[PDB]
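Enquirer: Structure provided below as structure tokens; questions to follow.
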Amino acid sequence: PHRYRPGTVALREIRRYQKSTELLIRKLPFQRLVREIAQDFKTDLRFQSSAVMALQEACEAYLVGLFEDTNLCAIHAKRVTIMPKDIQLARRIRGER
Amino acid sequence: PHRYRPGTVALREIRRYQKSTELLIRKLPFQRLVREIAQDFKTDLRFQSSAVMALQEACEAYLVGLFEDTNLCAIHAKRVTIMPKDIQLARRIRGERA
Amino acid sequence: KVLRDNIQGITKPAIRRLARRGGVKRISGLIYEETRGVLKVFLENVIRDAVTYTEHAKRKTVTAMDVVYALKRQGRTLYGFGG
Amino acid sequence: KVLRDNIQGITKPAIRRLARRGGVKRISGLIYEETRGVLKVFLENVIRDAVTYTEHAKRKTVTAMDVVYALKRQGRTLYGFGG
Amino acid sequence: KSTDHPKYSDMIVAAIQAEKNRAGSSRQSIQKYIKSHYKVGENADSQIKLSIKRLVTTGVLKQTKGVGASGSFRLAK
Amino acid sequence: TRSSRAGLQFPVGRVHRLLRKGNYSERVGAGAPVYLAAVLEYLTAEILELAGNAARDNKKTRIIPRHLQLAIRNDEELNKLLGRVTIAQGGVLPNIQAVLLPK
Amino acid sequence: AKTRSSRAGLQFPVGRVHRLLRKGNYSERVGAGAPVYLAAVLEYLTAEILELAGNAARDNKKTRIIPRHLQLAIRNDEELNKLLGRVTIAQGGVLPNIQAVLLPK
Amino acid sequence: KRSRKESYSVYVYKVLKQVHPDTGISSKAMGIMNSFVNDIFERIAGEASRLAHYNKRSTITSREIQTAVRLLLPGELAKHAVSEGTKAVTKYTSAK
Amino acid sequence: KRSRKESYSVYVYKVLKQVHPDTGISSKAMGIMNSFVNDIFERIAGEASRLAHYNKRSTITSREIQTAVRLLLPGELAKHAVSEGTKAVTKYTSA
DNA sequence: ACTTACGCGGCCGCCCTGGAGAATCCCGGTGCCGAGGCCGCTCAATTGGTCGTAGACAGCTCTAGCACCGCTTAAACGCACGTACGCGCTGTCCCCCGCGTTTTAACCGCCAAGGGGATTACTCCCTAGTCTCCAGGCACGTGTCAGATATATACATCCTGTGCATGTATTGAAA
DNA sequence: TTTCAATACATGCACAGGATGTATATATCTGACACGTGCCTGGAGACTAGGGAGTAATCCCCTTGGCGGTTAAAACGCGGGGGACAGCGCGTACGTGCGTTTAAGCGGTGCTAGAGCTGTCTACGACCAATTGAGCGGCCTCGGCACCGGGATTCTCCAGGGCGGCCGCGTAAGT
């Protein structure tokens, strides 16, 4: 057969995802999660697709920023693989706690 | 004589400075620095002591926060002594630096 | 009725693609659960305010204006909707 | 007249006491110069706005209200001066 | 003296005998001594590890390291 | 006075005048300042309770800004409400790192 | 000349801006010269942003402007990035950046 | 000559004496309290005006103030504040 | 019939045609431009009102707007904006 | 009859040539989105009056600001050495990569009706004005909490003395 | 004169004890800022006219929530092997700690005049209104652009064959 070293397809996929702007998280699970969380405040409520799209975009942007900060912290920590401690330090320095 | 290990007086002085609220930076050098920086925008200007005190307090608070963040980064970096790279990373994560 | 067994929607490949987009080469283990939790937290931090706006609008359907206002109050202005 | 040889006012013991208050045990070397520079930067970032307020007040003496407004616009509200 | 190039094992034995310590001659110091007292190249210097391994397997060099960490080596007499 | 009719200590007429003068709205009601002054008095009483507790714990008869800083930085609600606010003549909290202790 | 936009030589309306300033509950007495400065600055900034967007569109071999071009022009320029530092752009993405320590050697 | 200025010290003194009968205050703490009262004033007024402009109305009543208080404050403190407004308002309504 | 709504598309189209005669725009970009115009509106209006309240005045003139523009913008862009206001205002004053 | 002339012998490290799959450069025929034409009706335009906020001149006296003499204390020059930072090197187990297999996503077709949205009457609640008085505007003097401090006092930490397990030499016990 | 263990003995290691330089209230005293009192006043309070914003009842059809048949790409479970994560001996040089000597931070005193701050005159510019009308906004439309898809192409990354450094593999000539 043909064996590949770790990191060959990873860089290609990273360069791939840095060119398109389509959504990665599916709409139905996110909508069901939003409907579940909305029941914790008030029952019998209705939502629209625009609000779901806005929430999904905001969550994706925040997660991308957090992952970028975590990768920066992991690179500064003389390592490559990210760890939850890097995410904790990132959210501690950001002030969100 | 009597020799002391590194870190004996440091902790005591740290606990000392964490109890008083007096100023550490002198007023005359800070005032002269403010007067120097003010000449870069417009000449012939006058200032008061309240503005100098406010600037000194704000600068001390910002420096204390930056040093705390730098110490946290240095502790996370499996080290003890802080480095300028920790300050750079702190200001990068804060968003103040490009 | 409170719903459960829905936080597991954010599966492993979703977080893997998110890390690929963010620039991460390898992932650990507890991150999946932790990130998911934080996500839910942020979701609440928005949805609560949204519901409050709904209660201030005397309606039963959460429009997009309430979500836009809730996101703009948190210091994260999001365009592309134009009102 | 532009003044010089005044940035060296922030001496070594001052930054040492600041690091002791912040919780630092040992300091390096380039930090002194770097921190000093950043300090001057922030000073400008305030003083400029202060001078602008003075130019909007048609006066020659920078009062405390201008500095309070300049510090509050930057998102760093400082109390203790009630004005 | 330093005429023709002797065997790597002999050079390592000489470098060990040249240094004196209570814990033993560290391998890095031995490599530096061989690099400074011989005309060997980079690939020839890379043979020091395998030559030390062969000498330890034979029994000429005793190892007093910490759980196999390439600490130090001594000459058994 | 309306402050005696509502049972509060903060003035109502002054707050109503400030709300009508501050260029907020042309038509202002006569019941909103009651809610406003009540919430203000509640928050002020809570802050003063915390400050007095700190002063009694510090063996001091009067309240200093250090007590306010301690009460704000030790409590969760006041720290979350005043997260972007700097207190003059307050200082920091006495905290020592765990990895810096001798062993 | 009947409209003030033609008298001032601008494209943005002056009467609408004046009405919005007088109805937004900002001040009881509003001047008649401030909307001129306002509309002029608005038109200047809009023209600069449109110039940058058109440059990006011509560089991307596209005839029309998409939010991706706006995101690129904002994140590549220093002034627009400093002005819009706390703003998130929908359907924009991130900048193509690869870490240096992740490259093979 | 002189100019007349306003302050909020008598009310703070009355509240402190109602809470702690044997407790004083300084001048810097009084300035801090005045600045905090002014900050709360501006924040609540801006929130009320923003809600009034969003709801397309032109009258700031009680429900808008209650909503602004419940939005600016986290949760429990908001609820308590609501009660502090409600009871006193009822006492006012039974008066006049 | 439909309720009447307002927008800022004709002016953006005229500016784009004055700059790039062969360049179009979509709907999402138009919404982004409208949101940006509304944001600048609110920011400048709030700055002007805050300056008017600080200066103890009750009239928003030209100097307050110029000061707000110079304060909100960094430097060079502010200066350019000032010029863009000044020239057009002079042309208005001579009209 | 055994050691060094090296005869050859066989096993690890560095290079460039070599193949296959993924990224990259050109039409093809179709579609729905940017863009031009059209026509309706409310907000921008023209101009007279009356009014009160802003431009401008003048008298105070106050706080911004310049020269001076000692005084202890913070800043500064410089000997020593120990522990933290940094480079080198070994092992093992974990998350990278390819493959059999099953389930739930988007587009779609269609049936209901709810609370989103436009129309109107009439009314209780807010604005405007004259009159009028007591809460709160600030000068003043004094007096009680705590600033500065000298003499004992109990506690924290570096230095130094003391109990204990293993490899190996020498006089005794054994070949 | 040699075969084997005790033990006799000198190294790193765990625990109790001692000296000295620094944190910590404890009676005192003196000085200024906390706090109760007094007098003038302009902002707070009571009674009455007005109208249009605000509360509520009614009707229309736009659009969010339900569901059913259907194709398949993404979701899910197991294998094995290269190298990344983690523990460890060690080298020297860079920081603290405490020496000592010069300097500029800090405090009391005196004098001055620039411009912040208060009071006054009034006129240019702004608020409000009746009548006009043309620039701005909503529904049809079709057409020139890009979205989707089959095929050839040059770029970039992983794995394989040949050679040099010499060591024992073992023979002939030197001491």
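In the structure tokens, the first chain shown is A, the next is B, and so on; residue numbers restart at 1 for each chain, and ligands run from 1 in the order shown.
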What's the 12 Å shell around residue J:36, counting only C-alpha atoms (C1' of nucleotides), without same-chain residues fewer than 6 positions away, as a list in words?
Expert: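 Residues near the query, excluding close chain neighbours: residues 140, 141, 142 and 143 of chain K.
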Enquirer: Export N, CA and C atoms (P, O5', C5', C4', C3', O3' and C1' of nucleotides) of the chosen residues as a short mmCIF file (atom, residue, chain, number, x, y, z; two decimals), in the first residue's frame?
Expert:
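Writing the result to again27.cif gives the following:
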```
data_model
loop_
_atom_site.label_atom_id
_atom_site.label_comp_id
_atom_site.auth_asym_id
_atom_site.auth_seq_id
_atom_site.Cartn_x
_atom_site.Cartn_y
_atom_site.Cartn_z
P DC K 140 -46.60 42.27 -8.59
"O5'" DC K 140 -46.53 42.44 -10.18
"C5'" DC K 140 -45.60 43.36 -10.75
"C4'" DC K 140 -45.55 43.23 -12.26
"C3'" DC K 140 -44.98 41.92 -12.77
"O3'" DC K 140 -45.32 41.76 -14.15
"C1'" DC K 140 -43.37 43.64 -13.02
P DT K 141 -44.81 40.48 -14.97
"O5'" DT K 141 -43.37 40.92 -15.51
"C5'" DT K 141 -43.24 42.04 -16.39
"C4'" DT K 141 -41.84 42.11 -16.98
"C3'" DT K 141 -41.13 40.77 -17.15
"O3'" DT K 141 -40.32 40.80 -18.32
"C1'" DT K 141 -39.85 42.15 -15.73
P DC K 142 -40.65 39.83 -19.56
"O5'" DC K 142 -39.23 39.60 -20.24
"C5'" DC K 142 -38.37 40.71 -20.49
"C4'" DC K 142 -36.91 40.32 -20.29
"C3'" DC K 142 -36.63 38.82 -20.44
"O3'" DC K 142 -35.35 38.58 -21.08
"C1'" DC K 142 -35.97 39.54 -18.30
P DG K 143 -34.58 39.68 -21.97
"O5'" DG K 143 -33.95 40.69 -20.90
"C5'" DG K 143 -32.80 41.46 -21.22
"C4'" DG K 143 -31.60 40.99 -20.42
"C3'" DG K 143 -30.63 40.08 -21.17
"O3'" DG K 143 -29.29 40.42 -20.87
"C1'" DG K 143 -31.45 38.97 -19.23
#
```
Enquirer: So that I can see what lies close to residue A:66, please list as a ChimeraX atom specification the residues with an atom at most 10 Å from it, counting only C-alpha atoms (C1' of nucleotides) and leaving out residues fewer than 2 positions away in the same chain.
Expert: /A:60-64,68-72,86-87,90-91,94 /C:19,22,35
Enquirer: Write out, as a tab-separated table (two decimals), in the first residue's frame, the residues just selected, with N, CA, C and O atoms.
Expert:
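Okay, this is what ended up in result_10.tsv:
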```
chain	number	residue	atom	x	y	z
A	60	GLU	N	-19.53	30.38	16.36
A	60	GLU	CA	-18.40	29.94	15.55
A	60	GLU	C	-17.24	30.93	15.62
A	60	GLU	O	-16.08	30.53	15.74
A	61	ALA	N	-17.55	32.23	15.57
A	61	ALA	CA	-16.49	33.23	15.66
A	61	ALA	C	-15.79	33.18	17.02
A	61	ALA	O	-14.55	33.22	17.10
A	62	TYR	N	-16.57	33.07	18.10
A	62	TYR	CA	-15.97	33.00	19.43
A	62	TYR	C	-15.13	31.74	19.60
A	62	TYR	O	-14.04	31.79	20.19
A	63	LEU	N	-15.61	30.61	19.07
A	63	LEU	CA	-14.84	29.37	19.18
A	63	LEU	C	-13.56	29.44	18.36
A	63	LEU	O	-12.51	28.94	18.79
A	64	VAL	N	-13.61	30.06	17.18
A	64	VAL	CA	-12.41	30.22	16.37
A	64	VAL	C	-11.39	31.10	17.10
A	64	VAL	O	-10.19	30.78	17.13
A	68	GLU	N	-7.74	29.90	18.41
A	68	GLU	CA	-6.52	30.59	18.00
A	68	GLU	C	-5.69	30.99	19.22
A	68	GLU	O	-4.47	30.81	19.23
A	69	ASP	N	-6.34	31.53	20.25
A	69	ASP	CA	-5.62	31.89	21.47
A	69	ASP	C	-5.02	30.66	22.14
A	69	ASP	O	-3.90	30.70	22.66
A	70	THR	N	-5.76	29.55	22.14
A	70	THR	CA	-5.25	28.31	22.73
A	70	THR	C	-4.05	27.79	21.95
A	70	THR	O	-3.07	27.32	22.56
A	71	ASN	N	-4.09	27.87	20.62
A	71	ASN	CA	-2.95	27.44	19.82
A	71	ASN	C	-1.74	28.33	20.07
A	71	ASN	O	-0.61	27.84	20.15
A	72	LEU	N	-1.96	29.64	20.21
A	72	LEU	CA	-0.86	30.54	20.53
A	72	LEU	C	-0.25	30.20	21.89
A	72	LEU	O	0.98	30.17	22.04
A	86	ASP	N	-4.40	25.43	28.56
A	86	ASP	CA	-4.22	26.58	27.69
A	86	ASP	C	-5.53	27.35	27.53
A	86	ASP	O	-5.53	28.59	27.53
A	87	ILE	N	-6.65	26.64	27.39
A	87	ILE	CA	-7.95	27.30	27.29
A	87	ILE	C	-8.27	28.02	28.59
A	87	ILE	O	-8.79	29.15	28.58
A	90	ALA	N	-6.22	31.13	28.71
A	90	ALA	CA	-6.73	32.11	27.76
A	90	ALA	C	-7.95	32.84	28.31
A	90	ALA	O	-8.03	34.07	28.26
A	91	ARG	N	-8.91	32.08	28.85
A	91	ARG	CA	-10.10	32.71	29.42
A	91	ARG	C	-9.79	33.47	30.71
A	91	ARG	O	-10.54	34.38	31.07
A	94	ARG	N	-8.21	36.78	29.32
A	94	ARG	CA	-9.26	37.57	28.70
A	94	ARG	C	-10.12	38.29	29.73
A	94	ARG	O	-10.72	39.32	29.40
C	19	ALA	N	-11.05	23.08	15.19
C	19	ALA	CA	-9.63	23.20	15.51
C	19	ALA	C	-8.78	23.30	14.25
C	19	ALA	O	-7.77	24.01	14.24
C	22	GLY	N	-9.14	26.85	13.19
C	22	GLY	CA	-8.40	27.72	14.09
C	22	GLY	C	-6.89	27.58	13.99
C	22	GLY	O	-6.16	28.48	14.43
C	35	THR	N	-14.97	22.71	26.20
C	35	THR	CA	-15.44	23.64	25.18
C	35	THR	C	-16.96	23.59	25.04
C	35	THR	O	-17.62	24.63	25.05
```
Enquirer: Select, from D:18, D:56, D:72, D:37, the residue with the minimum atom-to-atom distance to chain B, counting only C-alpha atoms.
Expert: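 The answer is D:18, which sits nearest to chain B.
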Enquirer: In Å, with one decimal, what is the gap from atom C1' of residue J:164 to atom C1' of residue K:16?
Expert: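 For atom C1' of residue J:164 relative to atom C1' of residue K:16, the distance reads 15.2 Å.
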Enquirer: Give one line per residue of chain I that approaches chain J to at most 9 Å, naming the two atoms of the closest pair and their distance in Å to one decimal, counting only C-alpha atoms (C1' of nucleotides); sort by chain then ascending residue number and deliver it as CSV.
Expert:
```
residue,atom,partner,partner_atom,distance
I:24,CA,J:34,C1',7.8
I:25,CA,J:34,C1',8.2
I:26,CA,J:34,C1',7.8
I:58,CA,J:53,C1',8.8
```
Enquirer: Would you list which chain H residues are within 12 Å of chain I using only C-alpha atoms, as a ChimeraX atom specification?
Expert: /H:42,46,50
Enquirer: Taking C-alpha atoms for each residue, export the selection above as a PDB file, in the first residue's frame.
Expert:
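And here is the file that came out, result_17.pdb:
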```pdb
ATOM      1  CA  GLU H  42     -26.058  57.785  33.933  1.00  0.00           C
ATOM      2  CA  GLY H  46     -29.100  55.632  29.266  1.00  0.00           C
ATOM      3  CA  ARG H  50     -32.353  53.265  24.816  1.00  0.00           C
TER       4      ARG H  50
END
```
Enquirer: Could you write out as number ranges by chain the residues of chain E within 9 Å of chain J, counting only C-alpha atoms (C1' of nucleotides)?
Expert: E: 28, 43, 68-70
Enquirer: How would the residues just chosen look if you wrote them out with N, CA and C atoms as a short mmCIF file (atom, residue, chain, number, x, y, z; two decimals), in the first residue's frame?
Expert:
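File written: result24.cif
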```cif
data_model
loop_
_atom_site.label_atom_id
_atom_site.label_comp_id
_atom_site.auth_asym_id
_atom_site.auth_seq_id
_atom_site.Cartn_x
_atom_site.Cartn_y
_atom_site.Cartn_z
N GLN E 28 28.62 13.43 27.82
CA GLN E 28 28.77 14.67 27.07
C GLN E 28 30.19 15.21 27.19
N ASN E 43 30.02 12.47 11.61
CA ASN E 43 29.56 11.09 11.55
C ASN E 43 30.43 10.19 12.41
N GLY E 68 19.12 4.02 33.84
CA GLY E 68 19.44 4.10 32.42
C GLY E 68 19.16 5.46 31.81
N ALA E 69 19.95 6.47 32.18
CA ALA E 69 19.77 7.82 31.67
C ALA E 69 21.06 8.39 31.09
N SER E 70 22.02 7.54 30.76
CA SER E 70 23.32 7.95 30.21
C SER E 70 23.99 8.97 31.12
#
```
Enquirer: Could you jot down the atom CA of residue F:23 to atom CA of residue H:62 separation for me, Å, one decimal place?
Expert: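 That distance, rounded to one decimal, is 18.3 Å.
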Enquirer: Which residues are close to residue C:51, i.e. within 12 Å by only C-alpha atoms (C1' of nucleotides), leaving aside same-chain residues fewer than 3 positions away? Reply as a ChimeraX atom specification.
Expert: /A:34-35,37-47 /C:44-48,54-67,69-70 /H:67,70-71
Enquirer: Rounded to one decimal, what separation in Å do you get between atom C1' of residue K:84 and atom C1' of residue J:14?
Expert: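 Between atom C1' of residue K:84 and atom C1' of residue J:14 the gap is 24.6 Å.
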Enquirer: I need the strand (DSSP E or B) residues of chain C per DSSP on the backbone, written as a ChimeraX atom specification.
Expert: /C:61-62,77-78
Enquirer: Selection from above, N, CA and C atoms, as a PDB file, in the first residue's frame, can you write it?
Expert:
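Contents of part.pdb, as written:
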```
ATOM      1  N   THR C  61     -42.696  35.526  19.953  1.00  0.00           N
ATOM      2  CA  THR C  61     -41.718  35.084  18.966  1.00  0.00           C
ATOM      3  C   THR C  61     -40.484  35.967  19.068  1.00  0.00           C
ATOM      4  N   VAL C  62     -39.327  35.344  19.271  1.00  0.00           N
ATOM      5  CA  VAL C  62     -38.068  36.070  19.398  1.00  0.00           C
ATOM      6  C   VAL C  62     -37.599  36.461  18.000  1.00  0.00           C
ATOM      7  N   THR C  77     -20.399  43.405  18.261  1.00  0.00           N
ATOM      8  CA  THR C  77     -21.287  43.842  17.191  1.00  0.00           C
ATOM      9  C   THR C  77     -21.128  42.943  15.972  1.00  0.00           C
ATOM     10  N   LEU C  78     -22.236  42.363  15.519  1.00  0.00           N
ATOM     11  CA  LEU C  78     -22.248  41.453  14.381  1.00  0.00           C
ATOM     12  C   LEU C  78     -23.086  42.065  13.268  1.00  0.00           C
TER      13      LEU C  78
END
```
Enquirer: Quick one: residues within 10 Å of residue D:31, only C-alpha atoms (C1' of nucleotides) counted, chain neighbours fewer than 5 positions away excluded, as an NGL selection string?
Expert: (:B and (82-85 or 87)) or (:D and (15 or 36-37))
Enquirer: Go ahead and write the residues just picked, C-alpha atoms, as a PDB file, in the first residue's frame.
Expert:
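Final output, result_24.pdb:
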```
ATOM      1  CA  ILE B  82       9.411  36.571  34.008  1.00  0.00           C
ATOM      2  CA  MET B  83      10.550  37.390  30.474  1.00  0.00           C
ATOM      3  CA  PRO B  84       9.635  40.095  27.939  1.00  0.00           C
ATOM      4  CA  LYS B  85       8.012  37.389  25.803  1.00  0.00           C
ATOM      5  CA  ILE B  87       4.617  40.631  28.479  1.00  0.00           C
TER       6      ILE B  87
ATOM      7  CA  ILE D  15      10.075  48.752  38.753  1.00  0.00           C
ATOM      8  CA  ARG D  36       9.065  52.193  30.495  1.00  0.00           C
ATOM      9  CA  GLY D  37       8.380  52.610  26.787  1.00  0.00           C
TER      10      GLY D  37
END
```
Enquirer: Compute the set of chain J residues within 12 Å of chain A, using only C-alpha atoms (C1' of nucleotides), and express it as a list in words.
Expert: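 Every residue of chain J that passes the 12 Å test is in residues 19, 20, 21, 22, 23, 94, 95, 96, 97, 98, 104, 105, 106, 114 and 115 of chain J.
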